[PDB]
Structure formats: C-alpha cells, structure tokens
Amino acid sequence: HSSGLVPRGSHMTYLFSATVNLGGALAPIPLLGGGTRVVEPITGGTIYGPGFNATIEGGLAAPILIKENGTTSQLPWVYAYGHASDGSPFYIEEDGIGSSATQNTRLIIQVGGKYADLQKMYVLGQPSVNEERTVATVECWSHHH
C-alpha cells in the first residue's frame, strides 16, 4: 500500500501464450535492397492464460528477413483472427518493428466481451518457431505505456 491513489513501480503482468499452427509457406520473396518476405499462412492454434483464452482460426505470418551490418534481423509481422472463449471475435496484429532497445514487439489485441480490456494494454510478444516451421509460439505480457 502506497500513499496517494496510483501505485507506482514496474508491473509486468503475464497474459497469455499463443500456439500458432503454420501451414503452406511460400518461398521467400526477394525485396529491393536484399531482404526477403516469407509468407507463412496460419491454419489454426490456441491462446491460453490468465488474461486471454481463444481459438485461432486463420491469418498469416509475414516476417521480413533483412541483413544489416552482417546480422540478420526478423521483423515478425503477424495478422491473426479467431474467437475468444466467450465467443467474441478477435483480431491480433504483431508489429514487425520493435524499436524500443528491446527485442520484443507490440501485439495489439482487438476483442470485445470478457477480454475487451486487452485493448487498453501495452502488450509485448516474444515469438519463436520450431525448426520444421510447423508451429510458432508467442508469450505475451503487459507493460507500462
């Protein structure tokens, strides 16, 4: 308990993990400047945790791979949709650009219903992928704006 009406101090709060099934990737597309766009359709998946539970029904991952100063970066653009456990439709977008001297990128979650308050949060996601490129995983927490 603090004096005043707003508690201060860092509070990062775990929200959920997303398991994303990938199916049918396209061959890399060569971009002006030397990068590549890799299109990976999403065939399904699930989201589970204290802050969000949902079934993924579709979308796509569209990472860009770009070599700069010898190192290859991935801009992990993802667009996905489905229904939350209360039946509410949702749309999720993972930003490819994660500037904040941090590796993670912002996930924006747009959903009504029981999980609507996710729209008010600043959500950061950590994506990873298995070597068969069949399943991607994202782990998401809220941060202070």
Side-chain angles (χ1 to χ4, degrees), residues 1-23 25 28 31-145:
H1 307 91
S2 34
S3 67
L5 299 170
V6 182
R8 64 281 155 281
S10 59
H11 204 144
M12 255 162 79
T13 299
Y14 172 65
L15 298 171
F16 64 84
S17 301
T19 285
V20 187
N21 298 319
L22 305 178
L31 303 183
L32 282 185
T36 66
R37 170 82 75 160
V38 186
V39 177
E40 326 183 298
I42 288 169
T43 60
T46 62
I47 292 170
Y48 41 99
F52 196 32
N53 296 278
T55 296
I56 298 169
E57 313 168 342
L60 69 154
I64 281 152
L65 278 39
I66 188 52
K67 232 214 163 173
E68 298 202 283
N69 201 6
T71 165
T72 297
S73 266
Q74 292 201 30
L75 284 37
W77 296 102
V78 178
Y79 313 96
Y81 57 87
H83 293 87
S85 66
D86 70 335
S88 299
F90 75 87
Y91 177 72
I92 279 172
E93 170 174 342
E94 180 176 77
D95 195 323
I97 303 147
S99 294
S100 303
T102 299
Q103 186 173 355
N104 316 312
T105 37
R106 193 188 180 160
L107 272 86
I108 295 168
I109 301 120
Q110 288 172 339
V111 66
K114 107 175 290 293
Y115 293 119
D117 283 343
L118 295 167
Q119 293 197 45
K120 292 161 72 172
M121 310 179 192
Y122 194 90
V123 181
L124 288 193
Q126 195 198 270
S128 75
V129 64
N130 67 359
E131 304 287 298
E132 323 77 285
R133 95 185 317 191
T134 52
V135 178
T137 294
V138 200
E139 183 178 2
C140 303
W141 35 88
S142 66
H143 279 259
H144 72 68
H145 292 82

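Numbers for residues simply follow the sequence, beginning at 1.
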Quiz item: Tell me, which pairs form a side chain to side chain donor-acceptor pair (under 3.5 Å) where one or both residues lie in residues 36-55, sequence neighbours left out?
Solution: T19-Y48, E40-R133, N53-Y115
Quiz item: Quick one: side chain to side chain donor-acceptor pair (under 3.5 Å) partners of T13, sequence neighbours excluded?
Solution: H11
Quiz item: Got a second to check how far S10's OG is from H144's NE2, nearest 0.5 Å?
Solution: 7.0 Å
Quiz item: OG of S142 to CG of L15: how many Å apart, nearest 0.5 Å?
Solution: 4.5 Å
Practice problem: Name all residues meeting the side chain to side chain contact (heavy atoms under 4.5 Å, CB included) criterion together with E132; count only those two or more places apart in sequence or in a different chain, and write none if there are none. | Solution: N130, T134
Self-check item: Which residues share a side chain to side chain contact (heavy atoms under 4.5 Å, CB included) with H83, sequence neighbours left out
Solution: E57, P89
Quiz item: Does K114 offer a backbone N or O that forms a donor-acceptor pair with the side chain of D86 under 3.5 Å?
Solution: yes
Would you mind writing out the side-chain donor-acceptor pairs for residues 1-8 within the sub-3.5 Å range, not counting sequence neighbours?
none

Practice problem: Can you tell me which residue pairs pass the ring pair (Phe, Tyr, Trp, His ring centres under 6.0 Å) test with a partner in residues 89-113, sequence neighbours excluded? | Solution: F52-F90
Exercise. If a pair satisfies ring pair (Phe, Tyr, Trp, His ring centres under 6.0 Å) and one of its residues is in residues 94-113, list it, with sequence neighbours excluded.
Key: none
Per-pair distances, 0.1 Å, donor-acceptor, side chain in residues 62-81, under 3.5 Å, sequence neighbours excluded:
none

Practice problem: Write out all pairs satisfying salt bridge (charged side-chain N to carboxylate O under 4.0 Å, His left out) with one or both partners inside residues 119-131, taking only residues at least two apart or from two chains. | Solution: none
Result block: side-chain N/O donor-acceptor pairs under 3.5 angstrom for residues 96-111, not counting sequence neighbours:
unit_1	atom_1	unit_2	atom_2	d
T102	OG1	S100	O	2.7
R106	NH2	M121	O	3.2

